[PDB]
>>> print(open('upload.cif').read())   # mmCIF, N, CA and C atoms and all ligand atoms
data_input
#
loop_
_atom_site.label_atom_id
_atom_site.label_comp_id
_atom_site.auth_asym_id
_atom_site.auth_seq_id
_atom_site.Cartn_x
_atom_site.Cartn_y
_atom_site.Cartn_z
N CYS R 1 69.01 46.13 120.75
CA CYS R 1 70.10 45.78 121.70
C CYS R 1 70.01 44.30 122.05
N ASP R 2 70.93 43.82 122.87
CA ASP R 2 70.89 42.42 123.29
C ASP R 2 69.61 42.14 124.07
N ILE R 3 69.08 40.93 123.88
CA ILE R 3 67.92 40.50 124.65
C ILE R 3 68.36 40.34 126.11
N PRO R 4 67.62 40.94 127.06
CA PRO R 4 67.95 40.85 128.48
C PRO R 4 67.78 39.42 129.02
N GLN R 5 68.48 39.09 130.10
CA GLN R 5 68.38 37.75 130.67
C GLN R 5 66.96 37.47 131.19
N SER R 6 66.32 38.50 131.71
CA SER R 6 64.98 38.41 132.27
C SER R 6 64.27 39.73 132.06
N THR R 7 62.94 39.67 132.03
CA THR R 7 62.08 40.84 132.00
C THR R 7 60.86 40.60 132.88
N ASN R 8 60.39 41.63 133.56
CA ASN R 8 59.18 41.54 134.36
C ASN R 8 58.10 42.42 133.75
N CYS R 9 57.11 41.77 133.15
CA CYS R 9 55.98 42.45 132.52
C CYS R 9 54.77 42.37 133.44
N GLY R 10 54.59 43.39 134.28
CA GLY R 10 53.46 43.45 135.20
C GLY R 10 53.28 42.23 136.09
N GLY R 11 54.39 41.60 136.49
CA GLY R 11 54.36 40.39 137.31
C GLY R 11 54.56 39.07 136.59
N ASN R 12 54.49 39.08 135.26
CA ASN R 12 54.87 37.92 134.45
C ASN R 12 56.35 38.08 134.11
N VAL R 13 57.18 37.20 134.66
CA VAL R 13 58.60 37.21 134.39
C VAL R 13 58.90 36.29 133.22
N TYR R 14 59.58 36.82 132.21
CA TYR R 14 59.97 36.07 131.04
C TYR R 14 61.47 36.05 130.91
N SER R 15 62.00 34.95 130.36
CA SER R 15 63.42 34.81 130.13
C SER R 15 63.85 35.31 128.76
N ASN R 16 65.16 35.42 128.58
CA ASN R 16 65.73 35.68 127.28
C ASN R 16 65.25 34.65 126.25
N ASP R 17 65.09 33.39 126.65
CA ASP R 17 64.62 32.36 125.73
C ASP R 17 63.18 32.65 125.28
N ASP R 18 62.33 33.05 126.22
CA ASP R 18 60.94 33.42 125.88
C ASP R 18 60.89 34.55 124.84
N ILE R 19 61.71 35.57 125.04
CA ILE R 19 61.77 36.72 124.16
C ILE R 19 62.29 36.32 122.77
N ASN R 20 63.39 35.56 122.73
CA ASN R 20 63.93 35.07 121.45
C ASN R 20 62.89 34.21 120.72
N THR R 21 62.19 33.37 121.48
CA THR R 21 61.17 32.51 120.89
C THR R 21 60.07 33.35 120.24
N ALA R 22 59.68 34.44 120.90
CA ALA R 22 58.66 35.34 120.34
C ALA R 22 59.16 35.97 119.03
N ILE R 23 60.36 36.53 119.03
CA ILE R 23 60.89 37.16 117.81
C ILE R 23 61.03 36.13 116.68
N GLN R 24 61.57 34.95 116.98
CA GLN R 24 61.71 33.94 115.95
C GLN R 24 60.35 33.48 115.42
N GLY R 25 59.35 33.40 116.30
CA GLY R 25 57.98 33.10 115.87
C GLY R 25 57.44 34.15 114.93
N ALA R 26 57.70 35.42 115.26
CA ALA R 26 57.24 36.53 114.43
C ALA R 26 57.86 36.47 113.04
N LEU R 27 59.14 36.09 113.00
CA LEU R 27 59.91 36.08 111.75
C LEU R 27 59.71 34.82 110.90
N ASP R 28 59.04 33.81 111.43
CA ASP R 28 58.89 32.53 110.73
C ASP R 28 57.76 32.60 109.69
N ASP R 29 58.10 33.09 108.51
CA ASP R 29 57.13 33.26 107.41
C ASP R 29 57.30 32.19 106.31
N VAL R 30 58.05 31.12 106.62
CA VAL R 30 58.28 30.01 105.67
C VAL R 30 57.17 28.96 105.78
N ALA R 31 56.81 28.35 104.65
CA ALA R 31 55.73 27.34 104.59
C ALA R 31 56.05 26.12 105.47
N UNK R 32 55.02 25.60 106.14
CA UNK R 32 55.05 24.16 106.56
C UNK R 32 54.11 23.35 105.72
N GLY R 33 53.85 25.26 109.89
CA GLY R 33 52.79 26.03 110.58
C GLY R 33 52.41 27.35 109.91
N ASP R 34 51.18 27.80 110.15
CA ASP R 34 50.75 29.12 109.71
C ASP R 34 51.30 30.20 110.63
N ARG R 35 51.38 31.42 110.11
CA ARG R 35 51.66 32.58 110.94
C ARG R 35 50.38 32.91 111.72
N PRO R 36 50.52 33.45 112.93
CA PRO R 36 49.30 33.76 113.69
C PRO R 36 48.44 34.83 113.04
N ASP R 37 47.14 34.72 113.25
CA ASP R 37 46.26 35.82 112.90
C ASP R 37 46.67 37.08 113.68
N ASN R 38 46.66 38.22 112.98
CA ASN R 38 46.91 39.56 113.53
C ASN R 38 48.33 39.87 113.99
N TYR R 39 49.27 38.93 113.91
CA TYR R 39 50.61 39.12 114.42
C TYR R 39 51.65 38.47 113.51
N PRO R 40 52.87 39.02 113.48
CA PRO R 40 53.27 40.33 114.04
C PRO R 40 52.57 41.46 113.29
N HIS R 41 52.44 42.60 113.96
CA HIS R 41 51.92 43.80 113.33
C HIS R 41 52.78 44.99 113.68
N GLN R 42 52.60 46.09 112.97
CA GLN R 42 53.37 47.29 113.23
C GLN R 42 53.17 47.74 114.68
N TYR R 43 54.26 48.10 115.34
CA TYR R 43 54.23 48.71 116.65
C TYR R 43 54.13 50.21 116.51
N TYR R 44 53.10 50.79 117.11
CA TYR R 44 52.87 52.25 117.09
C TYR R 44 53.36 52.88 118.38
N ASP R 45 54.38 53.71 118.29
CA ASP R 45 54.99 54.32 119.47
C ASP R 45 54.18 55.58 119.83
N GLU R 46 53.55 55.56 120.99
CA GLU R 46 52.71 56.69 121.40
C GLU R 46 53.51 57.79 122.14
N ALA R 47 53.50 59.02 121.59
CA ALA R 47 54.27 60.20 122.12
C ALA R 47 54.01 60.47 123.61
N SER R 48 52.78 60.21 124.06
CA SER R 48 52.39 60.42 125.46
C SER R 48 52.83 59.29 126.38
N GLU R 49 53.15 58.14 125.80
CA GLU R 49 53.68 57.02 126.58
C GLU R 49 55.19 57.21 126.71
N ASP R 50 55.82 56.35 127.47
CA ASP R 50 57.23 56.54 127.80
C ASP R 50 58.06 55.30 127.48
N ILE R 51 57.83 54.72 126.32
CA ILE R 51 58.51 53.49 125.97
C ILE R 51 59.85 53.88 125.36
N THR R 52 60.92 53.28 125.86
CA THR R 52 62.26 53.45 125.32
C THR R 52 62.66 52.21 124.52
N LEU R 53 62.88 52.37 123.22
CA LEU R 53 63.31 51.27 122.37
C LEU R 53 64.82 51.31 122.29
N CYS R 54 65.44 50.13 122.33
CA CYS R 54 66.89 50.02 122.31
C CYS R 54 67.47 49.56 120.97
N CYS R 55 66.68 49.64 119.89
CA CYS R 55 67.09 49.15 118.55
C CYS R 55 67.28 50.19 117.42
N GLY R 56 67.10 51.47 117.72
CA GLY R 56 67.23 52.50 116.68
C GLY R 56 66.02 52.60 115.75
N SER R 57 66.25 52.97 114.49
CA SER R 57 65.17 53.32 113.62
C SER R 57 64.15 52.23 113.40
N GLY R 58 62.89 52.64 113.29
CA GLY R 58 61.87 51.79 112.73
C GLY R 58 62.20 51.41 111.29
N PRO R 59 61.37 50.57 110.67
CA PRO R 59 60.08 50.10 111.16
C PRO R 59 60.17 49.10 112.30
N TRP R 60 59.14 49.11 113.15
CA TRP R 60 59.06 48.23 114.30
C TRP R 60 57.82 47.36 114.22
N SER R 61 57.95 46.16 114.77
CA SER R 61 56.88 45.18 114.84
C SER R 61 56.68 44.72 116.28
N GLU R 62 55.54 44.12 116.50
CA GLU R 62 55.10 43.70 117.82
C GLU R 62 54.52 42.30 117.75
N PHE R 63 54.89 41.43 118.69
CA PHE R 63 54.45 40.04 118.69
C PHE R 63 54.16 39.66 120.15
N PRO R 64 53.17 38.79 120.39
CA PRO R 64 52.89 38.46 121.79
C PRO R 64 54.00 37.69 122.49
N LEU R 65 54.24 38.07 123.75
CA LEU R 65 55.21 37.41 124.60
C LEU R 65 54.42 36.49 125.50
N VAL R 66 54.63 35.18 125.34
CA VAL R 66 53.89 34.16 126.07
C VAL R 66 54.85 33.07 126.51
N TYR R 67 54.44 32.32 127.51
CA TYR R 67 55.21 31.17 127.97
C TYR R 67 55.09 30.04 126.96
N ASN R 68 56.18 29.28 126.82
CA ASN R 68 56.22 28.12 125.93
C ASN R 68 55.80 28.46 124.51
N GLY R 69 56.38 29.54 124.00
CA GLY R 69 55.97 30.05 122.70
C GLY R 69 56.56 29.29 121.55
N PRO R 70 56.36 29.80 120.34
CA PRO R 70 55.74 31.09 120.05
C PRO R 70 54.22 31.08 120.12
N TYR R 71 53.66 32.25 120.37
CA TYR R 71 52.23 32.46 120.23
C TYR R 71 51.73 32.00 118.87
N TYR R 72 50.56 31.37 118.86
CA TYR R 72 49.80 31.14 117.65
C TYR R 72 48.32 31.35 117.98
N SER R 73 47.55 31.75 116.96
CA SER R 73 46.10 31.85 117.05
C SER R 73 45.53 31.95 115.67
N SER R 74 44.30 31.48 115.54
CA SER R 74 43.48 31.75 114.37
C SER R 74 42.05 31.96 114.79
N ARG R 75 41.20 32.45 113.89
CA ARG R 75 39.81 32.64 114.25
C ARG R 75 39.15 31.31 114.61
N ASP R 76 39.60 30.22 113.97
CA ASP R 76 39.01 28.90 114.21
C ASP R 76 39.50 28.27 115.52
N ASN R 77 40.74 28.60 115.88
CA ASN R 77 41.38 28.07 117.10
C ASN R 77 42.09 29.22 117.79
N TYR R 78 41.30 29.99 118.52
CA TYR R 78 41.72 31.26 119.04
C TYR R 78 42.41 31.12 120.38
N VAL R 79 43.47 31.91 120.56
CA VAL R 79 44.16 32.08 121.85
C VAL R 79 44.42 33.57 122.02
N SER R 80 44.08 34.11 123.18
CA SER R 80 44.36 35.50 123.46
C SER R 80 45.85 35.77 123.39
N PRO R 81 46.24 36.92 122.81
CA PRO R 81 47.66 37.29 122.85
C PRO R 81 48.13 37.70 124.25
N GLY R 82 47.19 37.89 125.16
CA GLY R 82 47.53 38.33 126.48
C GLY R 82 48.04 39.76 126.49
N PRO R 83 48.51 40.22 127.64
CA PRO R 83 48.90 41.62 127.78
C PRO R 83 50.31 41.95 127.33
N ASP R 84 51.18 40.96 127.14
CA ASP R 84 52.63 41.20 127.03
C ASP R 84 53.11 41.09 125.60
N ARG R 85 54.06 41.95 125.23
CA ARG R 85 54.56 42.02 123.87
C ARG R 85 56.07 42.17 123.82
N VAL R 86 56.67 41.61 122.77
CA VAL R 86 58.01 41.97 122.37
C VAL R 86 57.89 42.92 121.17
N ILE R 87 58.72 43.95 121.18
CA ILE R 87 58.91 44.86 120.05
C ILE R 87 60.27 44.59 119.45
N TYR R 88 60.32 44.43 118.13
CA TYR R 88 61.55 44.17 117.41
C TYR R 88 61.56 44.96 116.11
N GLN R 89 62.75 45.10 115.53
CA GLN R 89 62.93 45.88 114.31
C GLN R 89 62.53 44.99 113.15
N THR R 90 61.53 45.42 112.40
CA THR R 90 60.88 44.59 111.39
C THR R 90 61.85 43.98 110.40
N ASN R 91 62.83 44.76 109.95
CA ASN R 91 63.73 44.35 108.87
C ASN R 91 64.95 43.57 109.33
N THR R 92 65.38 43.77 110.57
CA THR R 92 66.62 43.16 111.07
C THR R 92 66.38 42.09 112.13
N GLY R 93 65.19 42.06 112.74
CA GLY R 93 64.93 41.18 113.87
C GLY R 93 65.55 41.61 115.19
N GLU R 94 66.20 42.77 115.22
CA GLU R 94 66.82 43.25 116.43
C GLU R 94 65.79 43.50 117.53
N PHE R 95 66.09 43.06 118.74
CA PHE R 95 65.26 43.33 119.90
C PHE R 95 65.21 44.83 120.22
N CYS R 96 64.00 45.33 120.49
CA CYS R 96 63.80 46.73 120.86
C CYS R 96 63.34 46.93 122.29
N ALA R 97 62.35 46.16 122.73
CA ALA R 97 61.77 46.33 124.05
C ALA R 97 60.79 45.22 124.35
N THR R 98 60.44 45.10 125.62
CA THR R 98 59.24 44.38 126.03
C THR R 98 58.31 45.39 126.71
N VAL R 99 57.04 45.32 126.37
CA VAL R 99 56.01 46.20 126.87
C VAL R 99 54.79 45.38 127.27
N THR R 100 53.90 45.97 128.05
CA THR R 100 52.72 45.31 128.53
C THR R 100 51.53 46.23 128.64
N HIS R 101 50.35 45.69 128.40
CA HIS R 101 49.10 46.39 128.68
C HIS R 101 48.76 46.39 130.17
N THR R 102 49.41 45.53 130.94
CA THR R 102 49.17 45.46 132.38
C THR R 102 49.65 46.77 133.01
N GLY R 103 48.78 47.39 133.78
CA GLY R 103 49.12 48.62 134.50
C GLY R 103 49.18 49.86 133.64
N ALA R 104 48.73 49.78 132.39
CA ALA R 104 48.78 50.91 131.47
C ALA R 104 47.65 51.87 131.77
N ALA R 105 47.71 53.05 131.14
CA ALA R 105 46.74 54.13 131.38
C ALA R 105 45.31 53.73 131.00
N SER R 106 45.19 52.83 130.02
CA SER R 106 43.91 52.34 129.58
C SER R 106 44.10 50.93 129.05
N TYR R 107 42.99 50.28 128.71
CA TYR R 107 43.03 48.92 128.14
C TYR R 107 43.99 48.74 126.93
N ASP R 108 44.05 49.72 126.04
CA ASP R 108 44.91 49.61 124.86
C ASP R 108 46.34 50.23 125.06
N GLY R 109 46.59 50.85 126.19
CA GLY R 109 47.88 51.48 126.41
C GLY R 109 48.99 50.51 126.76
N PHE R 110 50.22 50.99 126.72
CA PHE R 110 51.39 50.24 127.13
C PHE R 110 52.17 50.92 128.22
N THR R 111 52.80 50.09 129.04
CA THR R 111 53.87 50.53 129.88
C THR R 111 55.07 49.58 129.69
N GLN R 112 56.26 50.06 129.96
CA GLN R 112 57.45 49.27 129.69
C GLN R 112 57.64 48.21 130.76
N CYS R 113 58.03 47.01 130.34
CA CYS R 113 58.41 45.97 131.31
C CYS R 113 59.73 46.36 131.92
N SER R 114 60.06 45.78 133.06
CA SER R 114 61.27 46.17 133.79
C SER R 114 62.34 45.08 133.74
K K V 201 55.44 29.72 109.21
#
>>> encode(input="upload.cif", output="structure tokens")
Amino acid sequence: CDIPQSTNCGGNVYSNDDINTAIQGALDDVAXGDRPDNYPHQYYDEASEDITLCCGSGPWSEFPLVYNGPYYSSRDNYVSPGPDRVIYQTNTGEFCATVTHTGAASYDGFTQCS
């Protein structure tokens, strides 16, 4: 669906520009910058969690949602992905959701941003 004007991920408020920047960073697989280590990766939708995706069928991918993005990291120059993520449709780039590890059932769990 359309990227929302704002999202609140456990107290970190991100704009539509932040979200678009994350998706475009995820999709930037052309040679120069390098793609980040470990991202984007497949998003695994957990049946016991309550995440609502607004993009229809998978496959889905997940990329870190950070300020002044896009996220980058490597083992040599590491930056935490932090708790916040954008989920997008791997093949179309369509926005699906923003989710966060903040306030989740466990360290690896997700809850939906608002
Ligand atoms: K690139």
>>> residues_near_ligand(input="upload.cif", ligand="ligand K 201 (chain V)", cutoff="6 Å", atoms="all atoms listed in the file", output="list in words")
residues 28, 29, 30, 31, 32, 33, 34 and 35 of chain R
>>> write_last_selection(input="upload.cif", atoms="N, CA and C atoms", output="JSON list (two decimals), in the coordinates of the input")
[["chain", "number", "residue", "atom", "x", "y", "z"],
["R", 28, "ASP", "N", 59.04, 33.81, 111.43],
["R", 28, "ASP", "CA", 58.89, 32.53, 110.73],
["R", 28, "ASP", "C", 57.76, 32.60, 109.69],
["R", 29, "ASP", "N", 58.10, 33.09, 108.51],
["R", 29, "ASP", "CA", 57.13, 33.26, 107.41],
["R", 29, "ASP", "C", 57.30, 32.19, 106.31],
["R", 30, "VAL", "N", 58.05, 31.12, 106.62],
["R", 30, "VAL", "CA", 58.28, 30.01, 105.67],
["R", 30, "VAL", "C", 57.17, 28.96, 105.78],
["R", 31, "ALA", "N", 56.81, 28.35, 104.65],
["R", 31, "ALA", "CA", 55.73, 27.34, 104.59],
["R", 31, "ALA", "C", 56.05, 26.12, 105.47],
["R", 32, "UNK", "N", 55.02, 25.60, 106.14],
["R", 32, "UNK", "CA", 55.05, 24.16, 106.56],
["R", 32, "UNK", "C", 54.11, 23.35, 105.72],
["R", 33, "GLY", "N", 53.85, 25.26, 109.89],
["R", 33, "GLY", "CA", 52.79, 26.03, 110.58],
["R", 33, "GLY", "C", 52.41, 27.35, 109.91],
["R", 34, "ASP", "N", 51.18, 27.80, 110.15],
["R", 34, "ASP", "CA", 50.75, 29.12, 109.71],
["R", 34, "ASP", "C", 51.30, 30.20, 110.63],
["R", 35, "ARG", "N", 51.38, 31.42, 110.11],
["R", 35, "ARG", "CA", 51.66, 32.58, 110.94],
["R", 35, "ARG", "C", 50.38, 32.91, 111.72]]
>>> closest_residue(input="upload.cif", among="R:59, R:54, R:71, R:92", to="residue 42 in chain R", atoms="all atoms listed in the file")
R:59
>>> atom_distance(input="upload.cif", atom1="atom N of residue 66 in chain R", atom2="CA of residue 78 in chain R")
14.9 Å
>>> closest_residue(input="upload.cif", among="R:82, R:101, R:111, R:93", to="residue 27 in chain R", atoms="only N, CA and C atoms")
R:93
>>> closest_residue(input="upload.cif", among="R:65, R:26, R:79, R:97", to="residue 14 in chain R", atoms="all atoms listed in the file")
R:65
>>> select_by_dssp(input="upload.cif", residues="chain R", states="alpha helix (DSSP H)", output="PyMOL selection string")
chain R and resi 16-27
>>> select_by_dssp(input="upload.cif", residues="range 44-111 of chain R", states="strand (DSSP E)", output="PyMOL selection string")
chain R and resi 60-64+84-89+95-100+111
>>> atom_distance(input="upload.cif", atom1="CA of residue 16 in chain R", atom2="atom C of residue 64 in chain R")
12.8 Å
>>> closest_residue(input="upload.cif", among="R:4, R:103, R:18, R:36", to="residue 67 in chain R", atoms="all atoms listed in the file")
R:18
>>> residues_near_point(input="upload.cif", point="(57.7, 46.1, 112.9)", cutoff="6 Å", atoms="all atoms listed in the file", output="list in words")
residues 41, 42, 43, 59, 60, 61, 62, 88, 89 and 90 of chain R
>>> closest_residue(input="upload.cif", among="R:70, R:81, R:58, R:11", to="residue 114 in chain R", atoms="only N, CA and C atoms")
R:11
>>> closest_residue(input="upload.cif", among="R:104, R:17, R:48, R:99", to="residue 5 in chain R", atoms="only N, CA and C atoms")
R:17
>>> atom_distance(input="upload.cif", atom1="CA of residue 40 in chain R", atom2="CA of residue 102 in chain R")
19.5 Å
>>> residues_near_point(input="upload.cif", point="(47.4, 33.6, 115.5)", cutoff="6 Å", atoms="only C-alpha atoms", output="compact mmCIF listing (two decimals) with N, CA and C atoms, in the coordinates of the input")
# COMPACT_ATOMS: atom_id res chain seq x y z
N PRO R 36 50.52 33.45 112.93
CA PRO R 36 49.30 33.76 113.69
C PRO R 36 48.44 34.83 113.04
N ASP R 37 47.14 34.72 113.25
CA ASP R 37 46.26 35.82 112.90
C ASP R 37 46.67 37.08 113.68
N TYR R 72 50.56 31.37 118.86
CA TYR R 72 49.80 31.14 117.65
C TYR R 72 48.32 31.35 117.98
N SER R 73 47.55 31.75 116.96
CA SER R 73 46.10 31.85 117.05
C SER R 73 45.53 31.95 115.67
N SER R 74 44.30 31.48 115.54
CA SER R 74 43.48 31.75 114.37
C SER R 74 42.05 31.96 114.79
